[PDB]
Amino acid sequence: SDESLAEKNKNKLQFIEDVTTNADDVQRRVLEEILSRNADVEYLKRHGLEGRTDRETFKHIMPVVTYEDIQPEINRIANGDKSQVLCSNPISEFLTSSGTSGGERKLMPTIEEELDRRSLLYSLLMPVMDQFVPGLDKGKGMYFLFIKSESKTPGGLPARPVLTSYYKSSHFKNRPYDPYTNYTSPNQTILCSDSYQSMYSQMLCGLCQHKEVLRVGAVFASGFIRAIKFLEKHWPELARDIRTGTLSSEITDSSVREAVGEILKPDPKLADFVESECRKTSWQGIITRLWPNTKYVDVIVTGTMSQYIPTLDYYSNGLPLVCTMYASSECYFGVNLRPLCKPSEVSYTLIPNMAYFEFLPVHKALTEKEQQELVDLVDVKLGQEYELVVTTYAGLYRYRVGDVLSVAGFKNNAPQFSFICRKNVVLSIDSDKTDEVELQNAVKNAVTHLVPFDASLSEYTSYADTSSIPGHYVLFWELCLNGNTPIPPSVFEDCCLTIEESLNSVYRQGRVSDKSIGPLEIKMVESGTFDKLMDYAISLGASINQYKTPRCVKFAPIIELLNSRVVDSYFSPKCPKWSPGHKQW
Ligand SMILES: Nc1ncnc2c1ncn2[C@@H]1O[C@H](COP(=O)(O)O)[C@@H](O)[C@H]1O
C-alpha cells in the first residue's frame, strides 16, 4: 500500500531523530543491557565487574583490547568451549573479518540476535534515500551480491563472512515483499557457491529486466567494477541467451537454472540492443545506455575504495556515487544521512542502538589514564580524529576496531564521521587489507632468491594498481648487483610468487577463489631512482638522517615518477596457495 509505505518511511526517519537526539541515553541503555545480560560471563567475572552495569565502573575496570588480547577466549570457543566465556547467549558462528592476525582472518563472535540489529540498520537506508530520490519503490535495483567461501571451526561452529551469513539467513532469504528491496537478482543466483555462475546469472537477470532498473550497485566499488568487466568479457554469450531464451550450458547449478528460467524469455530485439551498446569501442556511459533509468551507482567509495571513483565515473558518465553505510564483521556502525553528497564529503552517523561506542583520540599500548578517559559518542569534538572502540552484544568489550574517524558534524547530538583509514593498511584491491608489516616480511622472504646471485634490494616501495580489472599490487624494486651471473626472469617471477605466498589469506583467497586480485608485479627501476625520491623529500624539508623510503605510495605524481624510471617488470606466474579456514585447522 502507498499509504502504508509512506507511513513506514516516516516512522523510520522519526526513529533516526529520536535516537540521534537521545544518543547518550541510548548509549547508556545499550551498555546496561550488554552488562546485565552477560553479568555472569567468564571474561567480565575474572575482571571483577561483579554484575555492575554502570558506565563509570565499566570504563575504570575493563581494559581496552586488541584482537590478540582476546584471542585465547575466541580460540577456546572455536575449539568447542560452549560455556559462557564472552557471552551468555550461545555463539552461533564466527564472522570472518577481512582484517587479519598472523595472516589469518580474525574470527569475530556473533549471536543469532545480532541479525535483528543488522536488519535494523538496513531498514533505515531506503527511508533516508527516498527523501532525496523519490519513486524507487516503482522499479528494481540491480545489485551484484555474492556469497564467499565458508569453513567450520574444530568445535563445529560455522566460520563465514558477515555478508554470506546475512544472505543465507531468513532475514534476507525469507524476507517479506518490500518494493524498495525488489532486486533483479533472484536469491538463488546470490546464494550460488560457484562465483562464475553467480556473476553470469545475475548479469543476465540484470540485462533481462534493464528497463525496470532505477539504481545499480554492489557492497564495494571493486565488486561492481568486476561485474562491468564480466559484461566486457561475456556480453556476446549473454546476448545469445537473451535472443534464444536458453541459458548457457556452463550454468550447471539446477537452483540457478530454475530461478533464471522464471525471468529469461527469447527477446531478439533486446539481444540486438545489448550487442549494439557493448560493441562500441568506448564504454564511457555503458551503465546509462544499458540501464537507461538508473538514478545512481550505490557502492562504497570511502576509504581505500575511493581509488575506483574515476573508473566508476567513466562507466556511469558521472552518475551520483552513493555510500549508504559503514559496517564491520564485529559490529554494524552507521548510515550516511546525505547520500547524494560528493564522495569526499561523506560522513556516517553512528546509530547508538548498534553497540556501546567509545573513542580514543589520535595525534600501540594505552596508559591506564587513556583507557579510563575514552571519549563517549556524544562528547567527541568537531575536526578531531579518533580510533573507534566498540562494546557489542556478541562478547566484545572495549575492542579496538582499528578504524580512524574524523568528526565532520552532528545530527542532533549524534556525531557524523568522515572515514580516514583502517590503521596500518597500506595496500588493497578488494576485501584484502595488507598491512605494512605483512608486506615488509613478504619482501624479506622474496629477497632470499637474490642471495645466490650476490644481489640485494637497495630500496623498495609499493602501490595498488587499478589500471587493469581486477587490480593488482605493484612493487618497485631497485637492485644492488655485486656478482657476475645475470639474474634470469624466472628468478624475479619466483620473487613475485614468494611475496604472494607470504601475504595474508584474504589476499591469497582474492587471487584463487573469486579472482578479485590479479598477479602481483615487480617493477625494476633504474639505479638512483629511490635517491631521486629522497631528493624530492630533502627539498620539502626532510633530513638525510631521518628519511626512510615509504613502504607504500598512493599519491599519483610519485607513482608516475617511479613508473617513468621502470626498466623491466615481472609478474607472478601462478596463484599463491589457499584453502578455506585457518591453516591450524
Ligand atoms: N563505508 C565504508 N567506508 C570505508 N571503509 C569501510 C566502510 N565499510 C566498511 N569499511 C572498512 O571495512 C572494515 C570491515 O571489514 P570486514 O570486517 O571484513 O567487514 C571496517 O572496519 C572499515 O575499515
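Hydrogens, waters and symmetry mates are skipped; everything else that's a heavy atom, side chains included, is used. Both ligands and their constituent atoms are indexed starting at 1 by order of listing. Counting begins at 1 with the first residue of the sequence.
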Between [X] and [Y], is there a side-chain N and carboxylate O pair less than 4.0 Å apart?
X: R226; Y: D514; result: no
X: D137; Y: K8; result: no
X: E33; Y: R29; result: no

Tell me, which protein residue and heavy-atom name are nearest [atom], and how many Å apart are they?
atom: atom 15 (O) of ligand 1; answer: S98 OG, 3.3 Å
atom: atom 12 (O) of ligand 1; answer: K433 CE, 3.8 Å
atom: atom 21 (O) of ligand 1; answer: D403 OD2, 2.7 Å
atom: atom 17 (O) of ligand 1; answer: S329 OG, 2.8 Å

So for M305 against ligand 1, with non-hydrogen atoms under 4.0 Å, the contacting part is neither
So for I300 against ligand 1, with non-hydrogen atoms under 4.0 Å, the contacting part is side chain
What I want to know is whether [X] and ligand 1 share at least one N or O pair that is separated by under 3.5 angstrom.
X: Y326; result: no
X: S328; result: no
X: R422; result: yes

Proximal atoms of ligand 1 relative to [X] (non-hydrogen, under 4.0 Å):
X: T302; value: 1 (N), 2 (C), 3 (N), 4 (C)
X: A327; value: 8 (N), 9 (C), 14 (C), 20 (C)
X: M325; value: 1 (N)

Residues 92-111 vs ring pair (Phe, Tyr, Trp, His ring centres under 6.0 Å), sequence neighbours excluded, gives none
Acceptor/donor pairs from residues 344-352 side chains to any protein atom, 3.5 angstrom cut, sequence neighbours excluded:
| from | atom 1 | to | atom 2 | distance (Å) |
| --- | --- | --- | --- | --- |
| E345 | OE1 | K342 | N | 3.4 |
| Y348 | OH | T302 | OG1 | 2.7 |
| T349 | OG1 | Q416 | OE1 | 2.9 |

Rounded to the nearest 0.5 Å, the CD atom of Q27 sits from the OG1 atom of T391 at a distance of 9.5 Å
Subject >> Centroid-centroid under 6.0 Å between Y122 and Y166 rings >> reply: yes
Review point. Can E150 and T164 be counted as having a side-chain donor-acceptor contact under 3.5 angstrom?
Key: no
